[PDB]
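One chain comes next, on its own, written as structure tokens: the form deposited in one PDB entry.
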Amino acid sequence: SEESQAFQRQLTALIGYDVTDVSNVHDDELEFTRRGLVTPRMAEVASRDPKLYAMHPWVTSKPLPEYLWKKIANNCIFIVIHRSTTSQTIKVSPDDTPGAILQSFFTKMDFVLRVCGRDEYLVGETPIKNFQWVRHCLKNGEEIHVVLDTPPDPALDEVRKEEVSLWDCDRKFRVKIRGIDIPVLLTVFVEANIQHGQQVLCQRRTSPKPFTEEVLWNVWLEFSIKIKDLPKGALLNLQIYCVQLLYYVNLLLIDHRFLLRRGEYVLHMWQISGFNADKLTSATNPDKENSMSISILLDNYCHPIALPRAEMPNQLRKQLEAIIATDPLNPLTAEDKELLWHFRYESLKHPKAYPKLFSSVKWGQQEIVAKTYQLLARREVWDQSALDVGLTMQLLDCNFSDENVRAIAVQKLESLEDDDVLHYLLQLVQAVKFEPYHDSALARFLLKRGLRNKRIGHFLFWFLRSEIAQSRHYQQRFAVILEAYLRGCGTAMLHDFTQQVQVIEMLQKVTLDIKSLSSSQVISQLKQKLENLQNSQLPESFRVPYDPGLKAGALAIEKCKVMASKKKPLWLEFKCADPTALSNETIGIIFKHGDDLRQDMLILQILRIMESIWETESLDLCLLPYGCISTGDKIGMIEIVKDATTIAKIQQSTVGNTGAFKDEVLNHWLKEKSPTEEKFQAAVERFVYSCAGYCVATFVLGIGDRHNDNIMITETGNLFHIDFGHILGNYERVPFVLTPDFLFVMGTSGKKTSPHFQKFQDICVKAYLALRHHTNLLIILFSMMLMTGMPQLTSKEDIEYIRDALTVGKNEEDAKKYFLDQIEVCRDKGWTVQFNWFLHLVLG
């Protein structure tokens, strides 16, 4: 069909990479996964209620927090229903269904309740107190404005039609290293490794030969592992040294069909620069003219080789219990491993032991793996226990190459409601990088979830698209997942994603084109190019990628400008394209090149997770984790937090480009911007909370020592950090930033105390203690973040920072003292560090 031979060109420009291309593949695993995904996709489309899918209610089965209950007049929430112009207020109880909120308007004085100014529907059988939009209304002191209208037509979604034994040969596995060769450049040798989940099962090498643009060996490298002991997910890892590593490449020793890898191979190798997820890829370097390659041979006879509790002492029990207790990063000695293994059935009654128990497995032994599978059939406790995301994330990291282990963690995620899937989506997507195969329970889980809900589906799209555009190591695998998702979301979203891509691609060339001049001469062209695009180029509107609910209209040209950073970002403003928009505020997006916005994404995501850990304890630490979409390499968009200034600019205003930071200023600015002393005391309350929130979160993440220009505040007291790639993204110390100008708002002056400051410490202590209950979760997310998104900064010693910060092993009281001491390094230091940042960041 020419229709579905044009559709493929659409998907291709939507993905940013061509899936059908078969030039950089040495097998049919991708075709196999593309085909492989047809069933889970079609199963999901056929399974979704077309109406609830069309309206995508943003719901939560979580209890309504205290800070929102303690902000209720009397079991009464007010909604304002709009039509023509005619407003109308109804007396509604939190437990009121939105279906019954109409039987309180069609009788109390068919259709659907849509939020004013956004594509957000209050539909289905949920208590209204459970709609995400209702909770944010209660939080920010805002009236709930609904506009009655027609439900979208489900028919708008609708998708376009479609239609011997390895355990029987005891031979030592071997690889023939024919030789290497590099288009253009010493001593050089191949190192060959048989790996499984970062566990090296064997090591062999070749003889150091002279480094010539062509180096041959024709050697057979016999390993000490039997053909019959090779576990599925095992990688032949080939590497080149000289001693320093130069290039690597991997090859699954067992394919997607369970066949021992036989034949001839020429593999284009990945270069190094300057541990991480890129070193794990089964993908080869597409760049042929430049890459080093390697030629090998694997035995190829006949011959398809296919792959098919008692008592316990006391000091041992207590030794075992101490192992299960230890954090995810604490290492296991052979003694610990042999212990976990011997008492495996007793280790099975503790879900918390699974990562350590599965890590104590000798995967290079057929019989052992076989018994581990015996163990997996006795999974009742794991299956029954309450789902633990931190524990679940652990079995999906780089340390576990076995599909059956990985799949039990995916089985545990199936019971996550949409709300929670969004909290962990970015990291589940990054977790695909640790999958030995392109087709996994996780890749299908991501797919099943995207296809069932447009919010998860929208973000799943941008997340995959971000990776396809800047990761050559994982783009193929990611392009196959995106294509699977796009062939089932519906033509509605299909067309909708098309609008989005056109706009953002248009605005990126502009970003790059304006960047080419590093002035009044600049201010000129920017307004010229935005005049061009506004005609028959960018269509009427488009969804805001970081906020799927908002549709952005035309460019309010007058407000758009190039900003003053070494990298010249664009400050763009859009009219809301929705007439029902209660207001006339624009949509502010920053477009930039030079910031590894991938890093901000991972950080902002953990920031949303800490806001959620604080909710389990009725704490609102007022963080502003702004929308942020990475669109490629060192490029993307940033949501503009309205009514906000940089702390340094508030200083540069009444001291100006100096360092003579007056402790008086911030409080002057806050009073300057407050219309009443009522609003001033809220702007002070929001400050204490916001400051405490960032102080802890920042400290825990090891991004506490920040420059003055990289901390912002709203005219309403909300402080917040920015530019998360600018630190460990390109990196005397302060633990976090708690300067004298902040402290002066709180009431204190240098070495004193005030009510707000004690409130400050009591929030900080609570907040800091509240996260320590999720030590394991945070350690794993922090760990996964460094492997998948922090190029260079791994070491493992960078990871182990979080252990120290989270003061693991320490009891509560010892942990409260440690934090208060950290608040003291701040008190002691005052302006020392900020001053060095000016001395460093503004002058050298």
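Start at 1 with the first residue shown and count on from there. Each form is matched to the other, and the largest set of C-alpha atoms that superpose within 1.5 Å is called the rigid core.
- Compared with other PDB entries of the same protein, residue 635 is present in all of those that resolve the residues around it, none of them, let alone a third, dropping it.
- Note: missing coordinates for residue 168 occur in a third or more of the other compared entries bracketing this position.
- Gap check for residue 404 to residue 405: zero deposited residues are absent from the model.
- According to the entry, the stretch of the deposited sequence that connects residue 656 to residue 657 contains no residue lacking coordinates, so the chain runs unbroken between them.
- The mean Cα B-factor in the deposited entry runs higher for 95-103 than for the other of 95-103 and 555-563.
- Comparing 773-781 with 804-812, the higher mean C-alpha B-factor in the PDB entry belongs to 804-812.
- Based on the entry's C-alpha B-factors, the most elevated value among 234, 604, 727, 451 belongs to 727.
- Comparing the C-alpha B-factors of 598, 477, 209, 423 in the entry, the top value falls on 209.
- Residue 68 sits in the highest third of its chain by CA B factor, as recorded in the PDB entry.
- In the PDB entry, a CA B factor belonging to the middle third of its chain's modelled residues is recorded for residue 197.
- In this PDB entry, the Cα temperature factor of residue 317 sits in the middle third of its chain's modelled residues.
- The deposited CA B-factor of residue 240 belongs to the middle third of values across its chain.
- Sort the chain's modelled residues by C-alpha temperature factor and residue 629 lands in the lowest third, per the entry.
The following text describes the form deposited in another entry, which does not appear among the structures shown.
- In the overlay on the core between the shown form and the other one, a shift of 2 Å or more in CA position is seen for a single residue of 623, 339, 215, 92, which is 215.
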